[PDB]
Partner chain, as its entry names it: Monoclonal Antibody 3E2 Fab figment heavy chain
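Heads up, the chain below is alone and in the form solved without the partner chain; it's given as structure tokens.
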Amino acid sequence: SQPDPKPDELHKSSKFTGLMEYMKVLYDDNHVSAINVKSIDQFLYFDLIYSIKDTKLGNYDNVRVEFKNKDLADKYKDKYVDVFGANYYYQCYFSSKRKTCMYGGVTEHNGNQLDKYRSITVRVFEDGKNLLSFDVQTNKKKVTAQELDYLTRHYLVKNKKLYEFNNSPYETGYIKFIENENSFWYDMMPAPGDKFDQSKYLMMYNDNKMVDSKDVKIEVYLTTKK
């Protein structure tokens, strides 16, 4: 479905002159996750607020989930859901600090649990060559592209240094999800300039896009500085 990246469409890391650490930390070990929870408040018409405690680090007591539109919020407001997302803290504030914020990441709980974890294959290309493949796992029937993207990049940061403090080894990168007839992709590099706005980058997950875990596969295309 989505047309592939055009020549010069993808962001180049060489044109980003801020600190890549601000991208890296979105795909380090920490993220929001909750199972079988229901929203307890709402700030604006396109969001839902969840009482999810940060049991790991103790940084927050509530999470605001922002969607692309009212219809998405209306759909999830009184449902028991699972939540999985890359969250941000900078100027995260809402009426309902001790807060964190994310986009989308929401799937209904009931009917969506698998009996066993499913593996999803990622094939990594560097300058067009498949030098590495690995799996990520989920136990959700329908899983958000967000969750899979986070799992994929988390592995690549650990093992291939996809993002570092002040660099990437890669000039461009995109992650492509292929679910039979449906394919779409995200640019993995920050926009040009000397600042990286985490909230604005994450907003791309606000459509709550999801895929069938049984049928999806993942391709990551990176180019080197060669």
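Residue numbers count along the first chain shown, from 1.
One more form of this protein should be noted, the form deposited with the partner chain bound, which is absent from this view; the next part is about it.
A.B. asks: Indicate whether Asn208 is a 4.5 Å heavy atom neighbour of the partner chain in the entry with it bound.
C.D. replies: Flag for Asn208 set to no.
A.B. asks: Classify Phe184 as contacting or not contacting the partner chain in the entry with it bound by the rule of any non-hydrogen atom within 4.5 angstroms, answering yes or no.
C.D. replies: Output for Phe184 is no: heavy atoms all beyond 4.5 Å of the partner chain.
A.B. asks: Please check if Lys68 has a heavy atom lying within 4.5 Å of any heavy atom of the partner chain in the entry with it bound.
C.D. replies: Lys68 belongs to the contact set for the partner chain.
A.B. asks: Could you tell me if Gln42 has a non-hydrogen atom within 4.5 Å of the partner chain in the entry with it bound?
C.D. replies: Yes.
A.B. asks: Can you tell me which residues in 71-89 come within 4.5 angstroms of the partner chain in the entry with it bound, by heavy atoms?
C.D. replies: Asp71, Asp74, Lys75, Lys77, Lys79, in sequence order.
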